[PDB]
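# Residue-level structure breakdown
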Amino acid sequence: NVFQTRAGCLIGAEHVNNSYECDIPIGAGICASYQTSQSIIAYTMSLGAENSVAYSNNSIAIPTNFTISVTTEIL
Amino acid sequence: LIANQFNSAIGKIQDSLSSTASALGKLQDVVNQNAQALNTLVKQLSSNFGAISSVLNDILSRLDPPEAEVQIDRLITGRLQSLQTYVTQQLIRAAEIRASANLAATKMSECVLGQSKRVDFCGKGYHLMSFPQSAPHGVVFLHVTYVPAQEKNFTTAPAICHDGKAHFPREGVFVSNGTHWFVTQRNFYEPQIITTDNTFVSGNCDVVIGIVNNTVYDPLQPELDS
Amino acid sequence: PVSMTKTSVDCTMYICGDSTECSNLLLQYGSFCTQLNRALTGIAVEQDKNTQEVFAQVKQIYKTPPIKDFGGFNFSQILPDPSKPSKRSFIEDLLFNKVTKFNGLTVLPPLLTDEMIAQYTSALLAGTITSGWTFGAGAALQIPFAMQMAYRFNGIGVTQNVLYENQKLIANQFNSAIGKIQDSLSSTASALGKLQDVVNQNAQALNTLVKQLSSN
Amino acid sequence: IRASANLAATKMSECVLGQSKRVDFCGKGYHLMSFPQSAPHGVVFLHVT
Amino acid sequence: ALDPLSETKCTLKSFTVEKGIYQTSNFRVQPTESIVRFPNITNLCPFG
Ligand SMILES: *[C@@H]1O[C@H](CO)[C@@H](O)[C@H](O)[C@H]1NC(C)=O
Ligand SMILES: *[C@@H]1O[C@H](CO)[C@@H](O)[C@H](O)[C@H]1NC(C)=O
Ligand SMILES: *[C@@H]1O[C@H](CO)[C@@H](O)[C@H](O)[C@H]1NC(C)=O
Ligand SMILES: *[C@@H]1O[C@H](CO)[C@@H](O)[C@H](O)[C@H]1NC(C)=O
């Protein structure tokens, strides 16, 4: 249970090939979390959901419905 | 529908702020930092800095002035250095607080007292308004924004050929559901008949790349024919 | 500039490395070196936070479609190069190529590596070229690039027909301007000086630090 | 550097993700669009006006 | 000094440690033996 990364030596966390959102940042793209029976896992943090656009020169995506949202900004 | 959505969203915000404590962290830590700093200063009263005792009442009640002065000199050097570090940290933190307060003041000015055209400056989405709320050493802005929810894919064209002239939409965009061509506002699907009060003429169909051939209704024709 | 070098200086090793008596004498000062360690860790986490706030502003990863028809606008100079091991653009490669210990001072690697920052930039570029501003305020809604340029022109008060009549000319001028930007960025490196000096300053600081290890 | 990063983040949010109406905020001229590019410890904005 | 958890506990002077990463100490490899090297001096000096 020893993992060598560009951030150093990590002992106790299991290396998982699957990528997830960063929970506890370690560094150099490596982040840690507690997941499944449960244990500490280390993984390359994901950058977001993959979403390609249906681009063309004669197509428009127009909203037919909307929503009114409220966000909280603390300062 | 807008009223119901706004009320439900305000209820959700209430539930989140009453159920998530960490949502206040960005404020609490600040206080903690200050407290931490203060604590460190207090802890610096326990250091000897080489003196035989940390409490001054013991030093003055044990040493003759010629040596009590040396011990007090060590103590005052240490204490003045620690206090100087403390006040420097406090000044830097106060500069940061002043920057954040200026940002919050600009936000209050351009978001609550008016309408901000800056995207993502008053929250995610098309900003509509904002409401201020007090907080212990803080401000909470409730930003009301417009977000597209459901979308549809239509066929478009940069211009429409009617009689050899190039017609462009005054407001909105030309779309096609597969059988009919309409003009609708960009931020909401609302197909309208292509008319002369919705489009304008400029040039001919020989300049626009991708212009489609269709018809443009003239409201003056049925009025003049009768 | 966005971030600095995440330097971390070990107090105990810097002042009294491999010396027990010096550490015992330093213990007579309380929590000075611990508080400076806390300060440098705060600096590091602040650098990571500003990097995250600058680059991680999109919820999805956007990509350009296999079709490159942008109405004559050539974007291969700022789009990613699929042939490079680091998925960065040609201009970004030129920029990266044109920019230039054991006493308890270390350098922690950044949380967000160069490849992830390049992927962020590519996603944002694809979003802004293929969906306008809809991907920021909401979902990425496809719009032809000519129509996006027409919207940008309507935003400044010039009619879309003025763009359409000079569409080929506008595209040619844009391509020539991108080529000129490439030439200017490849010719001289002083344009990015506002960054390099920063590093130099930090380096100089470190230098001064180690130089103060030689004073009596 | 934190102040400069806040400025760069605001500029990327309002000039790349939208159309800013401030003159000289997105380069000389009437702002049309902006493109972000990575750089060693920095960001290069191509402001098209 | 029992385990990394207790190390974090006394570095944070608290019985409750929140979720996150915390720097606790500094590891340093200790030398195993001493190596003395001196010239093969062949002549005791007439100090007497
Ligand atoms: C774009 O317009 C050209 C010109 O007619 C057409 O051939 C092409 O199919 C259109 N779509 C794409 C994706 O190029
Ligand atoms: C739009 O979506 C909301 C979601 O709650 C729904 O209540 C409303 O009926 C929808 N309106 C239309 C016109 O689709
Ligand atoms: C109508 O538009 C089409 C589209 O290219 C063009 O070929 C045709 O000449 C135009 N005029 C007609 C059909 O009278
Ligand atoms: C853009 O320019 C490159 C060379 O500068 C060329 O290879 C390419 O065909 C051009 N058009 C694109 C990428 O659509």
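Look above for the structure.
These lines cover the structure that appears in this document, whether it is placed above or below. (Residues numbered from 1 in each chain as written, not as in the entry; some residues may be left out. Chains lettered and ligands numbered in written order. Part of a larger assembly, values for the part shown. Heavy atoms only, no water.)

## Describing the overall build of chain E
Counting its regular elements, chain E contains one helix and zero strands. Projected onto its principal axes, the C-alpha positions of chain E cover 70 × 20 × 15 Å. Approximately 5,100 Å² of chain E is accessible, and the part contributed by carbon and sulfur atoms is 62%. (Helix = DSSP H or I, 4+ residues; strand = E, 2+ residues; numbered from the N terminus. Areas by Shrake-Rupley, 256 points an atom, 1.4 Å probe, with all protein chains shown as cover.)

## A word on the site of ligand 1
Neighbouring ligand 1 are the residues A:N57, C:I67 and C:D69. Those chains with residues close to ligand 1 are chains A and C. At a separation of 2.4 Å, an oxygen atom of ligand 1 approaches a polar side-chain atom of A:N57. Within the contact set of ligand 1, an oxygen atom lies 3.0 Å away from a side-chain nitrogen or oxygen of C:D69. (Near = heavy atom within 4 Å. Polar contact = N/O pair within 3.5 Å; in protein donor to acceptor, adjacent residues only side chain to side chain.)

## Examining the sheet that holds strand 6 (residues 39–44) of chain A
Residue and element names in this part refer to chain A. Read from one edge of the open sheet, four strands run 3-6-5-4, paired in mixed fashion. Here the strands that pair on one side only, and so sit at the sheet edges, are strand 3 (14–15) and strand 4 (24–27). Judged from the two bridges that link them, strand 3 and strand 6 form a sheet pairing that is parallel. Residue pairing in the sheet places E14 in a bridge with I41 of strand 6. (Pairing = 2+ DSSP bridges.)

## Observations regarding helix 4 (residues 65–112) of chain B
For helix 4 of chain B, built from 48 residues, the straight-helix expectation of 70 Å at 1.5 Å per residue is met to within 8% by its first-to-last C-alpha distance of 65 Å. Within helix 4 of chain B, the full set of buried residues consists of B:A68, B:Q71, B:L75, B:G78, B:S82, B:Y86, B:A104, B:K107 and B:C111. In this fold, the buried residues of helix 4 of chain B make contact with strand 8 (59–74) of chain A, helix 2 (25–43), helix 3 (56–60), strand 1 (126–135) and strand 2 (138–156) of chain B together with helix 3 (32–55) of chain C. (Expected span 1.5 Å × (residues − 1). Buried < 20%, exposed > 50% of the residue type's maximum accessible area, 1.4 Å probe, protein only. Contact = heavy atoms within 4.5 Å.)

## Concerning empty space enclosed by the protein
Size it by volume and the largest cavity reaches roughly 100 Å³. What lines the largest cavity is a set of 14 residues, and nearest its centre among them are B:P158, B:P169, B:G172, C:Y151 and C:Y164. Looking at which element gives the most residues to the lining of the largest cavity, the answer is helix 7 (residues 145–154) of chain C, with four residues. Split into classes, the residues belonging to the lining of the largest cavity amount to nine nonpolar, four polar and one charged. Its volume calculated, the second largest cavity comes out at about 70 Å³. As for the second largest cavity, its lining consists of B:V119, B:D120, B:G125, B:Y126, C:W133, C:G136, C:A137 and D:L17. For the lining of the second largest cavity, the per-class residue count stands at five nonpolar, two polar and one charged. (1 Å grid on protein atoms, 1.4 Å probe; cavity = no way out; pocket = protein on both sides within 12 Å on 5 of 7 lines; lining within 4 Å. Points joined across faces, edges and corners; volume = space filled by probe spheres on them. Nonpolar A, V, L, I, M, F, W, Y, C, P; charged D, E, K, R; others polar.)

## Points about the interface of chain B and chain A
Taken together, the contact pairs 45 residues of chain B with 18 residues of chain A. Note on chain B versus chain A: buried area summed over both sides is about 3,100 Å², and carbon and sulfur give 64% of it. Linking chain B with chain A are zero salt bridges, by the criterion used here. Secondary structure elements with two or more residues in the side of chain B that touches chain A: helix 1 (2–19), helix 2, helix 4, strand 2 and strand 5 (173–176) of chain B. By residue class, the composition of the side of chain B that touches chain A is 26 nonpolar, 13 polar and six charged. One ladder, built from 15 bridges, connects strand 8 of chain A with strand 2 of chain B; its direction is antiparallel. Bridging from a neighbouring strand, A:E73 pairs with B:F141 of strand 2 of chain B. (Buried area = accessible area lost by both parts, 1.4 Å probe. Salt bridge = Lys/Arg side-chain N within 4 Å of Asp/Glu carboxyl O.)

## What to know about the pattern of salt bridges
This model, assessed by the stated rule, comprises 11 salt bridges over all chains. Note that D:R2 is salt-bridged to B:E96, the shortest N-O span being 2.5 Å. Placement of the pair is D:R2 in helix 1 (residues 2–16) and B:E96 in helix 4, with the two residues belonging to separate chains. The exposure class assigned to D:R2 is partly exposed, which follows from its relative accessible area of 31%. The class of B:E96 is partly exposed, set by a relative accessible area of 31%. Here C:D93 makes a salt bridge to C:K84, at a shortest N to O gap of 3.0 Å. What makes C:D93 buried here is its relative accessible area of 6%. Taken together, the shared-partner salt bridges connect B:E110, B:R118, D:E14 and D:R22 into one network.

## Quick word on the sheet that holds strand 7 (residues 199–204) of chain B
Residue and element names in this part refer to chain B. Taken together, the four strands give an open sheet; going across it, the order is 7-4-3-8, and neighbouring strands pair in mixed fashion. Edge positions in the sheet fall to strand 7 and strand 8 (212–213), since each of these pairs with one other strand and no more. Both strand 3 (residues 160–161) and strand 4 (residues 165–169) contribute to a ladder of two bridges, which runs antiparallel. For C161, the partnering residue across the bridge sits in strand 4 and is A166.

## Here's the deal with a negative patch on the surface
On the surface, B:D64, B:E67, B:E69 and B:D73 cluster together into a patch of negative charge. Inspection of the secondary structure puts B:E67 in helix 4. (Patch = residues over 30% accessible without salt bridge, like charges linked within 9 Å, V, L, I, M, F, W, Y side chains within 5 Å. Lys, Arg positive; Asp, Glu negative; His and termini not counted. Charge placed at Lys NZ, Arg CZ, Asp CG, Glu CD.)

## As for the arrangement of the chains
Contact analysis covers eight pairs of chains in contact, and the most contacts occur between chains A and B. Nothing in chain A touches chain D, and the closest approach of their C-alpha atoms is 15 Å.

## Looking at the state of the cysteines
Applying the stated criterion across every chain yields a total of six disulfides over all chains. A:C22 shares a disulfide with A:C31; S-S distance 2.0 Å. Taking the torsion about the S-S bond as the criterion, the A:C22 to A:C31 disulfide, at about -90°, is left-handed. Classification of A:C22 by relative accessible area gives buried; the value is 17%. Each sulfur of the disulfide joining C:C11 and C:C33 lies 2.0 Å from the other. Of this pair, C:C11 sits in helix 1 (residues 11–16) while C:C33 sits in helix 3; the two residues are 22 residues apart in sequence, bridging distant segments of the chain. Like C:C11, the residue C:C33 is buried in the burial classification. E:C10 forms no disulfide, and the closest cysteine sulfur to it belongs to C:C33, at a distance of 14 Å. (Disulfide = S-S within 2.5 Å.)

## Some remarks on the packing of aromatic side chains
Tallying each qualifying case throughout the model produces 20 aromatic pairs over all chains. A ring pair is formed by C:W133 and C:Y151, whose centres lie 6.5 Å apart and whose planes are at 45°; its orientation type is tilted. Of this pair, C:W133 sits in the loop between helix 5 (114–130) and helix 6 (134–137) while C:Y151 sits in helix 7, and the two are 18 residues apart along the sequence. On the accessibility criterion, C:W133 (24% relative accessible area) is partly exposed. Accessibility expressed as a relative area gives 12% for C:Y151, which makes it buried. A cation over a ring is seen here: B:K107 above B:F121, with NZ or CZ 3.6 Å from the ring centre. (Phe/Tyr/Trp six-rings, centres within 6.5 Å; stacked < 30°, edge-to-face > 60°. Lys NZ or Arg CZ within 6 Å of the ring centre and 35° of its normal.)

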